[PDB]
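As structure tokens, one chain now follows by itself in the form deposited without its partner chain.
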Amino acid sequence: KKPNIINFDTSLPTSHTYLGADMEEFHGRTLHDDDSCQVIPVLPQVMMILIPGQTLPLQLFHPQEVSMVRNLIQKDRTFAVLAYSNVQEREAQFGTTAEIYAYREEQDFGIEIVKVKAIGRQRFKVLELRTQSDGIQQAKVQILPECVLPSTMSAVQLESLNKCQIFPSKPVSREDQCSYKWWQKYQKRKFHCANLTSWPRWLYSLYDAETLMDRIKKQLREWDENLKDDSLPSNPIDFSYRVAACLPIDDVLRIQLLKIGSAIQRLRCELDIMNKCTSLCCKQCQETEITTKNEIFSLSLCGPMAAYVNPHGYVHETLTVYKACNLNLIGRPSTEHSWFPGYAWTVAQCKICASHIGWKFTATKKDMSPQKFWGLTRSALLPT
């Protein structure tokens, strides 16, 4: 529980200076036509549900993947990451397409290693998982559409009281008696036409976009002291995707949030999950408390969780905690490939099962969070 001094310059974590520095960058964005079927190459050896808007680090070694990515960069730059269910071996029916924005090839070690970073862009469901003899199977992809709904009062609105539906901005910022009182008149003036329908105003506030976003911002700040608009988007779609990425949940809940087609349903599901969630325990034991929900801060602009690659290419999603429990360390604190620029990771294990839950990030300078940073991963962390 370290307050106030959170000195990290928390954006460096999201630049990946470990996966290389002078990485070649790519202009901007693309677009796949809604409800179209597409031929999107599938990069293998990745087993993770890539939420849209989430950065995905990658190191590529085998010649087939290197050639696939080379031809990819020379033709579009988008491949497919499939949301594998509990059953492995290509048991996936949904996914997201990754699109490249940074590229670097090394001739080191006698190999043509390609270091690449990508972010999810779209959401899709596979029709048929076609396999190619080259090694890089191309999947039959249907672009699953994104739904945005108007105000629930737009149908039952009164014309007169419409000019009275453009609210003055929130008073000051993140202050009590400027929220509990502003929101009351906000709900009273926005949903005044709920008297025509058969349901009270608070019910229509349970299906609101801005009210759900406010309640979620409250809980997330209650954990990590967030910077009001610390890149949290105003768009409910993007806000929902960010919250879904940063939530410490298991794979089934992530797939379920991925299946949801509307922002409001996604926000309601996240509220339910984040309200019914308390502890995070070791999967291989489902018996030990290696956290809580209060002991969780954010040294990354993307939240308490982000995707990082070890030098062997494996992608890890790490959860940041002030104080983890029942962890025993082994090995001197070393700093060869730390994803956090200034700490020296020490490998951590469960006190009983001895599984790689994460790392302890001890500091190097003295104006740092002193030896208090556990970056626990999800390969052993079942929400309990």
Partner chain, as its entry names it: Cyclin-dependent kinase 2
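Positions refer to the first chain, counted from 1. Rigid core: the largest C-alpha set superposing within 1.5 Å between the two forms.
Modelling of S173 is missing from a third or more of the other compared entries in which both of its neighbours are modelled.
Below, we refer to the form deposited with its partner chain bound, which is not included among the displayed structures.
Its partner chain is not drawn, but in the bound PDB entry it has no heavy atom within 4.5 Å of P13. Using a 4.5 angstroms threshold between heavy atoms, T30 stays clear of its partner chain in the bound PDB entry. Put simply, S67 is far from its partner chain in the bound PDB entry: not one heavy atom of it is within 4.5 Å.
Using a 4.5 angstroms threshold between heavy atoms, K323 stays clear of its partner chain in the bound PDB entry.
No residue of the trio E225, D229 and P370 has any heavy atom within 4.5 Å of its partner chain in the bound PDB entry.
Contacts between stretch 330 to 366 and its partner chain, counted in the bound PDB entry as any heavy atom lying within 4.5 Å, involve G331, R332, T335, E336, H337, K365, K366, listed in sequence order. Note: rigid core superposed between this form and the one not shown; among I73, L127, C277, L227, the CA shift is 2 Å or more only at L227. Core-superposed comparison between this form and the one not shown: the Cα of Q371 travels 2 Å or more.
By 3 Å or more, the C-alpha separation between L247 and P370 shrinks in the bound PDB entry relative to the form shown here. In the bound PDB entry, the CA atoms of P370 and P304 draw together by 3 angstroms or more relative to this form.
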